[PDB]
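> Submitted below is the structure of interest, expressed as structure tokens.
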Amino acid sequence: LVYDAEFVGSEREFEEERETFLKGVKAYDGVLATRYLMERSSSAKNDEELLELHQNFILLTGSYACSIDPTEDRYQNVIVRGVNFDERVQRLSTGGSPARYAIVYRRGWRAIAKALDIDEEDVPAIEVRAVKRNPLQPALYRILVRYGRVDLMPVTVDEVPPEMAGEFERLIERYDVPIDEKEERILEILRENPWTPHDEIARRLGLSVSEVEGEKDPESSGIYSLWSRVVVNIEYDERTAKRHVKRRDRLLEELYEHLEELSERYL
């Protein structure tokens, strides 16, 4: 169960990937620090303050993950637990970045940090798998990362469209997309609760998680597949993409000032 990747982009792209990754680590550190304050502090209005700051770190972390490997060709032989994602992604109807494909897996980041000469000892983690507290519908948020949709990932909780969360079905309908019976059955469960964990959905339909999820590609069957099918139709918005990119670093600093104020106040 190795975690490896080779960096095949230019020297410039190397430094550029490092900086993106490191900021995503900063974002993620915040997802964790604030999960700790949630669990380590009891007050009615303190909870909503913490939830909001936490969910903002979830968005910045997803935004930075979206920006990994923008040219989709800076990494090769991306192996997560001995499985080679280069091969798998190349064989997908829509291809794409094996590095962001890896990132959406638990500890995928270990593979990318190896490519980037980022020392594993400082646990430079980035995860993008939040379910319960995720401001977006969870499988959508993972699909947006997989597709590097930095245009679509919101960078603040205020700015999350209902169509990407509680009213996720509005985003699906919008695109006249084919849905099979498995998917229809999953959607019926998520319309009930869009944040229903995937192993719950598995148990409820008598399927395995992987049959619930499917491949992160339009031509498979599962919630990952259905969302892929949708995302791949929403055209890239370079203008929004650039505002998210230039704004988010300022946001990250802002959330860190907040978090450190909340940190000294409690810890």
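Chain identifiers are assigned as A, B, and so on, following the order in which chains appear in the structure tokens; residues are numbered from 1 within each chain, and ligands are numbered from 1 in order of appearance.
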If you run DSSP on this backbone, which residues of segment 46-252 of chain A come out as alpha helix (DSSP H), and could you give them as a ChimeraX atom specification?

/A:46-66,85-90,98-103,108-115,138-146,169-173,181-192,198-205,209-213,223-231,238-252

> Pick out the closest residue to residue 205 of chain A from this set: A:150, A:225, A:171, A:183. Count only C-alpha atoms.

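Selected residue with least distance to residue 205 of chain A: A:183.
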
> For residue 69 of chain A, which residue out of A:223, A:32, A:115, A:190 is the nearest one, using only C-alpha atoms?

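The shortest atom-to-atom distance to residue 69 of chain A comes from A:115.
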
> List the neighbours of residue 182 of chain A out to 10 Å using only C-alpha atoms; skip same-chain residues closer than 5 positions along the sequence, and give me the result as a ChimeraX atom specification.

/A:187,205,207,211-212,221-223

> Any idea what's packed within 12 Å of residue 145 of chain A, counting only C-alpha atoms, ignoring anything in its chain fewer than 3 positions away? Could you give it as a PyMOL selection string?

chain A and resi 58-70+96-105+126-129+138-142+148-154+216+224+227-228+231

> Given only C-alpha atoms as the basis, pick out the residue of A:78, A:210, A:110, A:230 nearest to residue 122 of chain A.

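Ranked by minimum distance to residue 122 of chain A, first place goes to A:110.
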
> Ranking A:243, A:180, A:8, A:106 by minimum distance to residue 130 of chain A and counting only C-alpha atoms, which one comes first?

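Closest to residue 130 of chain A, using only C-alpha atoms: A:106.
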
> Using the chain letters and numbers from this document, which residues of segment 27-239 of chain A does DSSP assign to strand (DSSP E or B), as a ChimeraX atom specification?

/A:75-80,83-84

> Write the residues of the selection above to a file with N, CA and C atoms, as an mmCIF file, in the first residue's frame.


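Now in selection.cif:
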data_model
loop_
_atom_site.group_PDB
_atom_site.id
_atom_site.type_symbol
_atom_site.label_atom_id
_atom_site.label_comp_id
_atom_site.auth_asym_id
_atom_site.auth_seq_id
_atom_site.Cartn_x
_atom_site.Cartn_y
_atom_site.Cartn_z
ATOM 1 N N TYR A 75 1.587 15.546 -13.071
ATOM 2 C CA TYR A 75 1.850 14.354 -12.238
ATOM 3 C C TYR A 75 1.708 13.067 -13.041
ATOM 4 N N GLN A 76 2.588 12.109 -12.805
ATOM 5 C CA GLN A 76 2.344 10.796 -13.362
ATOM 6 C C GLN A 76 2.544 9.744 -12.309
ATOM 7 N N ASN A 77 2.003 8.565 -12.611
ATOM 8 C CA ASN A 77 2.128 7.397 -11.767
ATOM 9 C C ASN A 77 1.698 7.725 -10.343
ATOM 10 N N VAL A 78 0.505 8.287 -10.248
ATOM 11 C CA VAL A 78 -0.141 8.630 -8.995
ATOM 12 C C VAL A 78 -0.753 7.369 -8.412
ATOM 13 N N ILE A 79 -0.121 6.889 -7.353
ATOM 14 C CA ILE A 79 -0.542 5.640 -6.711
ATOM 15 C C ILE A 79 -1.089 5.908 -5.302
ATOM 16 N N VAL A 80 -2.321 5.474 -5.087
ATOM 17 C CA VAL A 80 -2.958 5.552 -3.773
ATOM 18 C C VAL A 80 -3.274 4.140 -3.286
ATOM 19 N N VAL A 83 -2.769 1.517 -5.879
ATOM 20 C CA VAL A 83 -3.597 1.610 -7.097
ATOM 21 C C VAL A 83 -3.220 2.843 -7.920
ATOM 22 N N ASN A 84 -2.947 2.609 -9.202
ATOM 23 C CA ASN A 84 -2.434 3.619 -10.111
ATOM 24 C C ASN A 84 -3.582 4.364 -10.757
#

> Tell me, in Å to one decimal, how far atom CA of residue 235 of chain A is from atom CA of residue 20 of chain A.

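Distance between the two atoms: 23.3 Å.
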
> Ranking A:252, A:37, A:234, A:165 by minimum distance to residue 194 of chain A and counting only C-alpha atoms, which one comes first?

A:165

> List as a PyMOL selection string the protein and nucleic acid residues near residue 253 of chain A, meaning an atom at most 10 Å away when only C-alpha atoms are counted, but skip any in the same chain fewer than 6 places from it.

chain A and resi 26-27+259

> Could you save those same residues with C-alpha atoms as a CSV table (one decimal), in the first residue's frame?


chain,number,residue,atom,x,y,z
A,26,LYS,CA,-3.4,25.8,5.7
A,27,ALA,CA,-7.1,25.7,4.7
A,259,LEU,CA,-9.6,31.3,14.4
